[PDB]
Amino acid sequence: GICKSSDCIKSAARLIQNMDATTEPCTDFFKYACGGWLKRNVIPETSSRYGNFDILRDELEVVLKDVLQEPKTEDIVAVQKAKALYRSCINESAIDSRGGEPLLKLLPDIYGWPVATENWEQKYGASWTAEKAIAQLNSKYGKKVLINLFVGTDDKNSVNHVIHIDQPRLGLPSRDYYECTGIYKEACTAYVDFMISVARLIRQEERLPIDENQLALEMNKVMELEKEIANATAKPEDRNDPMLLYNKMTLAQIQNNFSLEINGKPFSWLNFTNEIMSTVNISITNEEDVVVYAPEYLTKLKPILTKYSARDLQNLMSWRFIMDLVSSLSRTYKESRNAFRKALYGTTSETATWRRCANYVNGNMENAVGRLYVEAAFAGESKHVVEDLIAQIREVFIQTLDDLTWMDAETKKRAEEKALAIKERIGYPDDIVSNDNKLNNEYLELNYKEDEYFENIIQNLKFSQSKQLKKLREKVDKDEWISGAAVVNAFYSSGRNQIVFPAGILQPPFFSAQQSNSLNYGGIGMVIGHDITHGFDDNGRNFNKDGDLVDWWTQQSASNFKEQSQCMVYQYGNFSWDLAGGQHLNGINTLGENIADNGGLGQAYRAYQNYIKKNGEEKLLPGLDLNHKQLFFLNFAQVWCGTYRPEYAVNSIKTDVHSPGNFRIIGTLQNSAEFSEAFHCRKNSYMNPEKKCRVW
């Protein structure tokens, strides 16, 4: 009766080893499905979180090591530069011998770092301008400080690019940290102690007199400046609706509305925008359209930067860039970083050098490392099987529209328009394997020296930023993938109306051609539904079938969506996370991902029921009293098995737009009538409550 094939057994073993059958599925399904995993596994010293995703990403890093470390004579140019970059990164001897020499060479190009400079006012401060200072970091190194000017896809014309103006990403994980009291006092102290440590080492390098009280004063001033900038930034709750965010206006208007006075000299946006864009030979006039995402920030910024000199501002601007570079320097500089990462993430040790490097080259040469990965790990024939499952779930999503009692039939037709217009990107672009020319031409502008890691990373910062600003006048590439192939994740692009499933997630426990379809639908099936559902989530649902920010919702169907989805906002809002000192989840920040989980699992289950009706049942797995209907739900839960450090649990609640592992399982299965039926759970039990939140 039951299956007895190697791939059936591997499934059973993993399923049994992970689950704890001495717990009631109706009392706590997380502790039921993962209890076995929790008992055996402990968070590694280098990790802040650990689970199925983080184990697979660590298993993916091993595969990247194997290919990058060993050269081959048959390898093309694009590959050689990837492997050369890896060898340059892992050579500790070569890096350590330089010390902070590469940084001292670079500081002059970014108008120096005043705290670790002598007579700065005369050297730079004299002929210093807010435009050229912020523009250098932005244009040369891709570092956005005070003003975050970048070039991206236009929300109302998804084929066109346009200059965006937004608030900058802060030094600490979220604006919430800059209170610096209670749970944040630890991090804020370490952050300023990290500033001083790096400042001290640079002065020792330059042979200047170390005055401890002068370092402490100047760097607490940098903390004071960033506290004001942090307070001026809008909360994630006020950036949820993209219609209220998108505010297109010309540079002419921006100068009239959002004028600034930095170090006496009034700020010129025309001079500033050109200083950046002139790097790639493109002229900007006052009649240039600019999507301002943070108008309230710029308004609040005016009175902040009027009471701070060029010194105080360049101390922050230079520090914010140095902070990133520290990990590309000697062990002496990396020591000060690891101290700060203990307070923030809870990690007692530094990530293995070969793991940091494998990921760095994978991030700066996606297609090159993607080729090496899919050549080794990924099959290729599996791409056919996934394409079918996506088509099945896409149809199952449309089938559900007719059943929905809160959408008028005109909005249902417009929802089917987007649903059928969703493009699917599976595994990898076939270009990187077959077409060698295109791949070599991508990294042609890059020349790496094996004994010059810091010059290599600074080169990659130019190549990246240059590649982006180039696109301002270009029609967006429809063929260009958003993610590389060597990634354990899955994405949706609102701008392209595109679902993406890299080769990294097309593996157990999510998908395998051999393993039971129950597990496939429970794993990848839910993920496919999730990223489809992102097309119609709180942000997702404001974008048409061409990925344009246009309203296609009736004032009743829209009003209903809010009313219906407000359920999940309250549900997840009423979850106290023990690992984060019993703080409640931000139900508004997590809504988008929560909607996608609840929608995806439901869509995935129906797609499996359509498979049951069409293909009948399949041989059960050994050593398990669970039937095929349950193994679907068990596999879904085992996807999210894992635990967090308290230091990063705090970090997670404020930043992460995802709910933590345990509540993604509980939250959705509480809202699943099919789960309660499959596991025969009584009404009023914790995993089967009366009120059930539903959207898709």
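From 1 onward, residues are counted along the sequence shown.
Higher mean CA temperature factor, per the PDB entry, when comparing 363-371 with 177-185: 177-185. Stretch comparison (487-495 versus 154-162) by mean CA B-factor in the PDB entry places 154-162 on top. Within the listed group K613, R355, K81, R87, the record reports its top CA B-factor for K613. Across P168, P266, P502, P508, the greatest Cα temperature factor reported in the deposited entry is at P266. Looking at the C-alpha B-factors along this chain, the one for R331 belongs to the lowest third. Among the modelled residues of the chain, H584 sits in the middle third by CA temperature factor in this PDB entry. Residue-level temperature factors show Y297 in the middle third of its chain, judged at the C-alpha atom. In the PDB entry, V650 places in the middle third of its chain by CA B-factor. The entry lists a Cα temperature factor for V67 that places it in the middle third of the chain's modelled residues.
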